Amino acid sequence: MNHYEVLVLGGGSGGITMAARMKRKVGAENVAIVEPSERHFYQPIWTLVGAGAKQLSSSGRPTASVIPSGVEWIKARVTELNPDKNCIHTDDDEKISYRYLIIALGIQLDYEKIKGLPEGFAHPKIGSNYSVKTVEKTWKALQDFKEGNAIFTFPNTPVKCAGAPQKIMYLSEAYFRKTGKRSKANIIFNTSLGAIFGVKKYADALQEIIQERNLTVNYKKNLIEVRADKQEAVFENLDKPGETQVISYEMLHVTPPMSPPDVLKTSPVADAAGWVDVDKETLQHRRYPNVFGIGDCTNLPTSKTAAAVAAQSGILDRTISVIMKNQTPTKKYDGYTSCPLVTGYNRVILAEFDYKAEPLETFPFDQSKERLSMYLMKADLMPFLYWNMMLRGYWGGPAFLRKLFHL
C-alpha cells in the first residue's frame, strides 16, 4: 500500500498551505496531496470577477505549480477514509496509508439541489460567483441587465464566505449607478438567514448601506427553484413552510446550497453533520488522534474563509509538531476569520472576528467604515500574498500584525 508520513486530502487553500508547512517539518518526500483538479483557484477574487473588476484566468494556477516542490501530487479523488486502518481510498482504486492525515477537502457546492440548476446556467441573466463555470456568467448578467429585478440569494446551508452573496449585490448596485441604470433595477437579497451579517458592528454598517442604497433584503427566503428559460426564481418562506413565491428577475446571482464533501458525509471522521470532527482549539480530530482538519470541511464554528484557513494553518502547524513529539497541544485557535465585505468597486468593510462573533480587527482604525485601503488590500495585496506567502506556508493570519499595531 502506498504510504506517506503526512497525507493531505485536498489541494486547495488549506491543503497546499498545510502541505508546504508539513514539507518543512517532515521533508517533502514524506508528504502527499490527494487532489483531482488540475487547477487551483484563489476563490476570493471571484467576487471581483463576477463584478467585472478582475479576470477569471488570473484567479487560477495549475495545481502542479502550487504543489510544494518535491511533495507528491496524487491526482485523484478520495472516495473513502478508513481512519481505524490509517488509510484512504482513491478513485484510482488505490489505497494510501498515512501516519498523519490532514483533511482539507473544502466545502462542496450543490447547485443541483435547486430545481433548474445547473442546467439553468446555460441561459443568460443568471450567474454564481461560487463556481468557475458560472462566475463570468454573473458578470455577463450584470452587463446585459437592462431593467427589472436583480436578485441575490443566500441558501439555507452553511456556506464558504458568508459575505460573498451580498458583496456581489453591493457591486451590482454600484455598477448600475456607474452605467446610469440604477433607476431601472429593483435590487433584492433573498437570504435564508434572519440577519444581514452575524457580527453586530459590521451588520449595522451593512444595514446603513442597505437603507442608503435602497436595497431590499427579504429574510428567511430561500431559493428552491430556477426556471431560467422564463427568467423566474422560486423562493420558499422558511418562516411559513409550504409558502413559496415566484419572482421574475432581470439578473439572478445564485449562492448554491453547500454541504460537506460527499466522501466526508458518511465517513467515520465526520461529525453527525458531515464536517470533520476536530478539537475546536487545536484542529486535532476528536476521535482519531493522528487526524487533523483545516478549513471549510471542518466543524470549526467560525465563518468558512481562507483567512480562517490561514490562522488555522498556524495553529495546526503547532498542533501537529506537538503531537509528533507526543506532547499535548497548548496553542489554541480562537476562531479568527475575516470577511472583506466589498461594498463597491473601491470600498471594503473588513470584517474580522473570532469564535465569539465579536470584532477582532487588525488595524488601529475602525474597519466597519467602507475603506479604500481595505479594498486595495483585498483586490491586489491578498492574491499576491496568497500565492507567494500563504500557499508557501508563511501566512498564519494577521494576529501578529494586530498585536504589533497595538503598541
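The first residue of the sequence shown is number 1, and the count goes up from there. We call the rigid core the largest set of C-alpha positions that still match within 1.5 Å between the two forms.
- Stretch comparison, 235-243 versus 278-286: after rigid core superposition, larger RMS CA deviation in 5 other deposited structures of this protein is found for 235-243.
- When 202-210 is weighed against 104-112, 202-210 comes out higher, by mean CA B-factor as recorded in the entry.
- On average the C-alpha atoms of 170-178 have higher B-factors than those of the other stretch, with 170-178 and 129-137 being the two compared.
- The residue among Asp93, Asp296, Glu225, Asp271 whose C-alpha atom has the highest B-factor in the PDB entry is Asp93.
- By the numbers in the PDB entry, the CA B factor is greatest at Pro364 among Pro364, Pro62, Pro44, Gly50.
- Among all modelled residues in this chain, the alpha-carbon of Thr244 has a temperature factor (C-alpha) in the highest third.
- When the modelled residues of the chain are ordered by their C-alpha B factor, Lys25 lands in the highest third.
- Placement of the Cα temperature factor of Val66 within the chain: lowest third of the modelled residues, per the deposited record.
- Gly148 sits in the highest third of its chain by CA B factor, as recorded in the PDB entry.
- Looking at the C-alpha B-factors along this chain, the one for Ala399 belongs to the highest third.
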